[PDB]
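Novice: Got an experimental structure here, sequence first:
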Amino acid sequence: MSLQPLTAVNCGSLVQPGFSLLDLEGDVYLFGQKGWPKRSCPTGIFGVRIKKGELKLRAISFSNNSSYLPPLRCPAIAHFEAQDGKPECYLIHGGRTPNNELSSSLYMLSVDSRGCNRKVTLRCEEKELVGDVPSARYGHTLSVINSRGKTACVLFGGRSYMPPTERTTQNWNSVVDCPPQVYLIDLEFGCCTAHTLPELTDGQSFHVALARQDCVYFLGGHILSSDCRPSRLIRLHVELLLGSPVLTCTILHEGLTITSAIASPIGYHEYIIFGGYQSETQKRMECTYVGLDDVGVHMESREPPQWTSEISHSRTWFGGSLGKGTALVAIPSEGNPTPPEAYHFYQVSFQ
Amino acid sequence: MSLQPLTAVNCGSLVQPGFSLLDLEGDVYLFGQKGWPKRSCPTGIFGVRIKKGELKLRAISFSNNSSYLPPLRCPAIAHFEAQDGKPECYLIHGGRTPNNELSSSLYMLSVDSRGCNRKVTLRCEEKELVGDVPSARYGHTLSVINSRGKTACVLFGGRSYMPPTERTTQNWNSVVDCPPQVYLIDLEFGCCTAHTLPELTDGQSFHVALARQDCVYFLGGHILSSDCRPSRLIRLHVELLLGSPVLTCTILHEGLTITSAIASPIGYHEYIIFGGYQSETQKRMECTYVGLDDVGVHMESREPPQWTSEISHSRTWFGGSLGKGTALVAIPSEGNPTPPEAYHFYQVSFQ
Amino acid sequence: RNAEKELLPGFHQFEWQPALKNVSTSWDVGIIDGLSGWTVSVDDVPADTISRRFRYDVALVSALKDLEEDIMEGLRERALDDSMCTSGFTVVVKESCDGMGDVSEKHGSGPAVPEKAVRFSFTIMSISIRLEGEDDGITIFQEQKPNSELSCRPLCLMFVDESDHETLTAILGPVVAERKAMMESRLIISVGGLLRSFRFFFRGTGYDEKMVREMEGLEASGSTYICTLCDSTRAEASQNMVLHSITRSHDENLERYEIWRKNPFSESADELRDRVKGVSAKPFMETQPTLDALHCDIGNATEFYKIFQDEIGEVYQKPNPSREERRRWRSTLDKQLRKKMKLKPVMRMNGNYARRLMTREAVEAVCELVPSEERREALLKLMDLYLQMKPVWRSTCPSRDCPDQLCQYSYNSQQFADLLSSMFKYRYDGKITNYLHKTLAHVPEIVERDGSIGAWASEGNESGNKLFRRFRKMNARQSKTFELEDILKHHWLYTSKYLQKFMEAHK
Amino acid sequence: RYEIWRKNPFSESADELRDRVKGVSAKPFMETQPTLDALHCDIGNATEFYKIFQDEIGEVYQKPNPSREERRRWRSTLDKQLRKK
DNA sequence: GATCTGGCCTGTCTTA
DNA sequence: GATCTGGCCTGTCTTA
Ligand SMILES: [Zn+2]
């Protein structure tokens, strides 16, 4: 366990409080640029490389085949790994664009060509969704499941803007938890099924999802109605049998109280959960290790890296996981005259 | 007959509207600077080197046995040429202290030692003046003369503050031309003789004096009574005999009208008057050549180096002569924010 | 317009005896262009500066003629018979001069002038009496709130850069001349119906350290010789702190310059600068050897801010900190001072953020940051020491308001310096901020001498600068020529007591 | 235009796509009447002729490649003159 | 050895 | 080769 300081070198004005790191085929790509894309990099996505403490961002270039994407802030990212037909995909839906609206449109992001010289072209394929469309939402999570042997996806959680009845230009900027109905989205075709369960009383937000072998575990998120941070861990088990994707669920005894957590995969399916917060005021310093098996998910705290007094005293913090037991954290910084760079960074690593 | 544009490199905050350039034994040293001396070079005198367009200023350090000097504004410099027993002399009196005052004390400034690597220590020596002392003044001129074959010095012109009885805090900063009496100062001893002038019914200032072979020529200068800039040049002739230094004088019919002129030596005694202000608004562009022979002063205009439109339109200009037909000029500048250098420079040369 | 003709200078008749030296006898002169007869010939040193000033004496007699009311009610309160014993007065005038940046030039006609503006002012601190003989001197009127911008009397208003000495002395030359000519002669005014006489005692106390240094010919501002009041070098004031003796005074500095120039002993530059203890220039103005309270506060506040910054990380543990960590420490320190104490970072630190920072409970939010326990106790203890010694030089008159802190100040400073050279030495080995030395050395002495300090602070000047900005917009003319004239006038009117009396509305 | 920029139905390349959508990279959040602003038009052209004057003082079109120094100089004589008259 | 790409650094422009 | 001195940069300090 260790952490070391990172200088953001040039162009540290690109990172906004929510954002997303896409780890695919080695190098990871930053996503969710602040504001609208500037033609310095019109694409909107950045390859990120960390060398000798320096954090450098490179300008990715989409393939001609691709649709272009707005810098969504806090979407549901679901990594789908390599298999037929076309690996490997990152499912981004739907976040909210630099203007205030919620996309509610799934995008499939994939690698294309390399290099020639250390160059990676990418392609985004938006997919049409018929339904029973998912309601526009953000902070929700999405996951990839495989049942005998068909692959589908599970979409749940998240806030949305108040429905267009209660909607009022005084209450316009308010949000509310969208109702608790899980959406099963086939990758292809675009059929989106909406089911509900009695076990799910309420909707959640920022609940970190773990997904393995036709089973999905939602950690305790943030419920906006009763303002609780449930220590109840949620499990669900789906199996797709012709012609219906039958679905079940169970509550668990013990689950974590943390919201906005960062899951960095280390082992086969074993993740290290950093967590963003214990409660509304006070962030979580504690680092936790979470593995999962067919029997169940098993929790073991490991000794957290010794935090510099700054990050221990910082009100807010965030980041992403570069994968391979390696992650990035970010600390907002007040200084005058403006640094200008708003965020100090630290790279964290396990073992 | 040409001008190279000069860069002030670093530290152009030193040079000030009036100042002096001492050319002795090769390299020329700058004298006088804005405000009081700063620790960087406490002496107040900088060596000047002009290489590849760069105008570089260096610290000069005095010998232990020497007095230290205030950064005088517009003193009377008399360069006393090599002979028994001690070359090379610069007679400086008395200028205006940066702390605003007139200094009546005369200083003899000279070379001491070198290098060991390119360093010239100097020595300043006050001279007590047995007098019949000169009234403290600025803009006056002083010159070295030899007669049969002993050497004395001639001091005349310039202004001074209103008489101390009649000076009122409203009229304090007002200034009048000091009375038309010449002061013959023996280098040693400190005897200073004051002498009336039947031919000169008025005092004057900024009159460039050119002294050859026991005769001194006063080129026209600004008179503050009638505010006229006489075309008439004024020659005087000094008779040194035992023990009376009796003094004659004469008016010359026609000469140049100039104020604050720069005399740059070229030939043996042939100096080119580099110009100055002809009137209270227009500044003389015309660069003029002056030989001095026993017969009389020989005066021919010379084709002036073509001026950049900047210096041609410049409200004011000043400078000094680096000798060997080489001189420096300076143009005040505006902009925003501060350049920082308040003065652009140009280097002029003959042939 | 014809109503204030009285309140301005150049109205009330007065005369000096014996007659002033080198000053006109005309008492009717109002606002005067301060250039004061510069011939403005192109050939000479140009006149680049606009200024306006009252002739000093006239401004004085108007100020005091305006205090006529308060000194008569004061005299009556004393039941000292008004008509008898009228000639023995003593007037103590605090004068102050401070510069101001970033004042934008006007398009105007001419002449060209720099951006920075210098405001020369004064205030009448007290007026007392002595005769028949016998008893002491006897206070009558004493300014109750000297720091207020309500009483600061502008005198010379200029556009001048503080850096150029030439012009600054050119314009302020006459003013100083009337002062040193005036100290000798006693004033005669017709007040309360009768002809009475005043002595003037001038104390310039309000100048900032850099200006004191630059008019006194010292090397500013970080030179090896720190104390304006003492001959101590930097390193010498490092080892020893709490024990010092004030030497530097005007006449001594003058004689010291004449040594520096004339140089009879012929020492090399290094040794000569050692002999005169760092006087490189002939001072012109005379300035009381006293300490500005405001800048002192800000100096110590910024030093403690720096100490905080160093204690956040561990400096004494690793002596050579990286730059990136230097900013990181600043970032978490200001984070903290936001979350607690409700404070936000500053570029230049105002004295207000110095008053929030200096308090103990402010040192509480930082005490939580430093991991080490004994360090946490050390700097806390330091700060309580500082709270104990601060009101001495901050408060107007400690001889009454805060006696015990005053009597214990020497011992308290001893304790302080000990604690610094004990745990903090790494940061004070060869270097001490000018003010920490000045506040740990010469304070008890000057409080013993002036009687009090902080009443003499630059604050009563400085504050006034605010007005100079608004009076340069609201009440300006507005063109370059007349502008200083009507700012100055309107300022004078703002300062007058006679009006404020009316604006009290008698409860 | 934006919907074309996003959907991008013709699978056209970025360099050329930008040509097709002609400069719209983002979804507009407000409607402003297609109209010019007077003020910054005045300031824009004013500062332009200031620039042309400046380059015109020294001879720019004879020697096309001026340095930093002759440019700063040109500015100095320009401003000195504008103030002087 | 030498491409290509991206890089920084420069380096100008335009609005602000 | 290798001092010297200065020269600039840097480096923190110290004032406004
Ligand atoms: Zn001292």
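Specialist: Okay, I see it. Numbers count the residues shown, from 1 in each chain, chains lettered A, B, ... in the order given.
Novice: Against residue C:97, how distant is whatever residue of the stretch 251-400 of chain C ends up closest to DNA strand F?
Specialist: Among the residues of the stretch 251-400 of chain C, residue C:295 lies closest to DNA strand F, at 3.5 Å counting by C-beta to the nearest atom of the strand. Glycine gets a C-beta too; all of them are placed from N, C-alpha and C. Per C-beta to C-beta, to the nearest Å, residue C:295 is found 14 Å from residue C:97.
Novice: Also residue C:149?
Specialist: Relative to residue C:97, residue C:149 is positioned 16 Å away (C-beta to C-beta).
Novice: ok, the two, which is more surrounded?
Specialist: Set residue C:149 next to residue C:97 and count neighbours by other C-beta atoms under 10 Å in any protein chain shown: residue C:97 wins out with 25 against 18.
Novice: Show me what that one is bridged to.
Specialist: residue C:120 (DSSP bridges).
Novice: Now for it: which residues touch it?
Specialist: C:118-121, C:156, C:172, C:204, C:206-207, C:211, C:461 (C-beta atoms under 8 Å, 6 or more residues apart in numbering or on different chains).
Novice: dump the residue contacts of residue A:280.
Specialist: Residues residue A:227 are the ones in contact with residue A:280 under the rule C-beta under 8 Å, 6+ apart.
Novice: One more: residue C:467?
Specialist: With the criterion set at C-beta under 8 Å, 6+ apart, residue C:467 makes contact with C:149, C:491, C:494.
Novice: residue of the stretch 51-200 of chain A with the smallest distance to DNA strand F?
Specialist: Counting by C-beta to the nearest atom of the strand, the stretch 51-200 of chain A gets nearest DNA strand F through residue A:53, at 17.2 Å.
Novice: burial count for that residue?
Specialist: For residue A:53, using other C-beta under 10 Å, the count is 13.
Novice: same check, this time on residue C:502
Specialist: Quick note: residue C:502 (other C-beta under 10 Å) scores 9 neighbours.
Novice: before we move on, what about the one 4 residues further on?
Specialist: For residue C:506, the number of neighbouring residues by other C-beta under 10 Å comes to 5.
Novice: what does residue A:191 give?
Specialist: Residue A:191: 14 neighbours (other C-beta under 10 Å).
Novice: Return the residues in contact with the closest residue to it other than its chain neighbours.
Specialist: Leaving aside its chain neighbours, residue A:191 sits nearest to residue A:130 (6.4 Å; criterion: C-beta to C-beta, 6 or more residues apart in numbering or on different chains). Going by C-beta under 8 Å, 6+ apart, residue A:130 touches A:190-192.
Novice: same deal with residue C:492?
Specialist: C:7-9, C:54, C:59, C:153-154.
Novice: Check whether residue A:201 really touches residue A:180, as I assumed.
Specialist: Yes: the pair residue A:201 / residue A:180 is scored as a contact, 7.1 Å apart, by C-beta atoms under 8 Å.
Novice: out of these two, which sits in the busier spot?
Specialist: residue A:180 (15 against 10).
Novice: hang on, the earlier thing: check the contacts of residue C:492 for burial and list the buried ones.
Specialist: Burial by neighbour count, 16 or more other C-beta atoms under 10 Å in any protein chain shown: within those this picks out C:7-9, C:54, C:59, C:153-154.
Novice: Burial check on residue C:189, number of neighbours?
Specialist: Using other C-beta under 10 Å, residue C:189 is surrounded by 20 other residues.
Novice: Quick check: the gap between it and chain B.
Specialist: 20 Å (C-beta to the nearest C-beta, to the nearest Å).
Novice: show me the residues around that residue that make contact.
Specialist: C:12, C:14, C:61, C:64-65, C:195-198.
Novice: From the residues you listed, pick the one nearest residue A:37.
Specialist: residue C:64 (71.5 Å; C-beta to C-beta).
Novice: State the three-state secondary structure for that closest one.
Specialist: helix (DSSP: H, G, I helix; E, B strand; the rest coil).
Novice: who's in contact with residue 274?
Specialist: By default, I'm working from chain A. A:261-262, A:264, A:287-288, A:319, A:327, A:329, A:348.
Novice: not what I meant, chain C
Specialist: Here residue C:274 is in contact with residue C:267 (criterion: C-beta under 8 Å, 6+ apart).
Novice: Try it again at 10 Å.
Specialist: Each residue near residue C:274 by C-beta atoms under 10 Å, 6 or more residues apart in numbering or on different chains is listed here: C:224-225, C:233, C:267-268.
Novice: Then residue C:458?
Specialist: C:96-98, C:147, C:205-209, C:211, C:292-296.
Novice: ok, now with 7 Å
Specialist: C:96, C:98, C:206-208, C:292, C:294-295 (C-beta atoms under 7 Å, 6 or more residues apart in numbering or on different chains).
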